[PDB]
Amino acid sequence: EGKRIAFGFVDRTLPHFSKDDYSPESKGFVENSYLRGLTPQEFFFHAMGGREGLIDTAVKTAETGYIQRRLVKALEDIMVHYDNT
Amino acid sequence: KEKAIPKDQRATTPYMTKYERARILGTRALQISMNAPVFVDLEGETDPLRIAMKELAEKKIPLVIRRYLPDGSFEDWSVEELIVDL
């Protein structure tokens, strides 16, 4: 949602950390690569990041469909005539 | 007959649209496929659409297009006098 991984628990992000931790590795930073391999915590944070986009597609398909139908129904009867109007 | 515009006061484009071209080709192909006389020198063709294109090339299709103005009047243009882009 445009911000780093917020505190889901109270004053931390995962049971393996300590209260009031603001280090990058504790707030969703992946310093590894796909060739090296992901450690469990950054794997979890990456999973949430992907889930966001999955949801985005799955619902806004339908919303955009409704908007498209309303637009086409509104304008369907407009035609260039021989007067050029 | 009040709607018809005199030939001198015709204010529409002297080129023929793609829609008019497609309609004319379809009508002529149907009429040829229903055994109508052919006005050109057929040379080894057996497809009505191609003979329609051939007749269009020499400007020999004997049809007239009536164009409807929004008020209700109309404008008559012969297929012979319509410029077709190539």
# chains A, B, ... in the order shown; residues from 1 in each chain; ligands from 1
>>> closest_atom_pairs(of="chain A", to="chain B", cutoff="12 Å", atoms="only C-alpha atoms", output="tab-separated table")
residue	atom	partner	partner_atom	distance
A:79	CA	B:70	CA	11.0
A:80	CA	B:70	CA	10.5
A:81	CA	B:70	CA	7.3
A:82	CA	B:69	CA	6.2
A:83	CA	B:69	CA	7.0
A:84	CA	B:12	CA	9.2
A:85	CA	B:70	CA	9.7
>>> residues_around(residues="residue 27 (chain B)", least_positions_apart="6", cutoff="12 Å", atoms="only C-alpha atoms", output="ChimeraX atom specification")
/B:20-21,33-34,36,48-49,52-53,61-65
>>> closest_residue(among="B:60, B:84, B:66, B:75", to="residue 8 (chain B)", atoms="only C-alpha atoms")
B:75
>>> atom_distance(atom1="CA of residue 77 (chain A)", atom2="CA of residue 19 (chain B)")
17.9 Å
>>> residues_around(residues="residue 9 (chain A)", least_positions_apart="5", cutoff="12 Å", atoms="only C-alpha atoms", output="JSON list (two decimals) with C-alpha atoms, in the first residue's frame")
[["chain", "number", "residue", "atom", "x", "y", "z"],
["A", 14, "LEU", "CA", 7.38, -10.73, 13.00],
["A", 15, "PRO", "CA", 7.84, -12.80, 16.19],
["A", 16, "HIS", "CA", 11.57, -13.24, 15.43],
["A", 17, "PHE", "CA", 12.39, -9.55, 15.96],
["A", 18, "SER", "CA", 12.55, -7.23, 18.97],
["A", 19, "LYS", "CA", 10.14, -4.47, 19.90],
["A", 20, "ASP", "CA", 10.71, -1.10, 18.20]]
>>> select_by_dssp(residues="chain B", states="strand (DSSP E)", output="VMD selection string")
chain B and resid 64 to 68 74 to 78
>>> closest_residue(among="A:54, A:5, A:72, A:47", to="residue 29 (chain A)", atoms="only C-alpha atoms")
A:5
>>> atom_distance(atom1="CA of residue 22 (chain B)", atom2="CA of residue 73 (chain A)")
27.4 Å
>>> residues_around(residues="residue 81 (chain B)", least_positions_apart="6", cutoff="10 Å", atoms="only C-alpha atoms", output="VMD selection string")
chain B and resid 14 to 16 59 64
>>> write_last_selection(atoms="N, CA, C and O atoms", output="short mmCIF file (atom, residue, chain, number, x, y, z; two decimals), in the first residue's frame")
data_model
loop_
_atom_site.label_atom_id
_atom_site.label_comp_id
_atom_site.auth_asym_id
_atom_site.auth_seq_id
_atom_site.Cartn_x
_atom_site.Cartn_y
_atom_site.Cartn_z
N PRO B 14 -17.04 14.80 -53.95
CA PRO B 14 -17.03 14.09 -55.23
C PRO B 14 -16.23 12.80 -55.23
O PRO B 14 -16.09 12.18 -56.28
N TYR B 15 -15.70 12.39 -54.08
CA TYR B 15 -15.07 11.09 -53.93
C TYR B 15 -16.07 10.13 -53.29
O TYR B 15 -17.02 10.55 -52.64
N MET B 16 -15.84 8.84 -53.49
CA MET B 16 -16.75 7.82 -52.98
C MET B 16 -16.12 7.12 -51.79
O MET B 16 -14.94 6.75 -51.82
N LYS B 59 -15.45 1.54 -65.11
CA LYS B 59 -16.55 2.45 -64.78
C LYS B 59 -17.77 2.18 -65.66
O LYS B 59 -18.21 3.02 -66.44
N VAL B 64 -26.84 4.10 -59.29
CA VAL B 64 -26.87 5.46 -58.76
C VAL B 64 -26.98 5.40 -57.25
O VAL B 64 -27.79 4.63 -56.72
#
>>> atom_distance(atom1="CA of residue 27 (chain A)", atom2="CA of residue 50 (chain A)")
16.2 Å
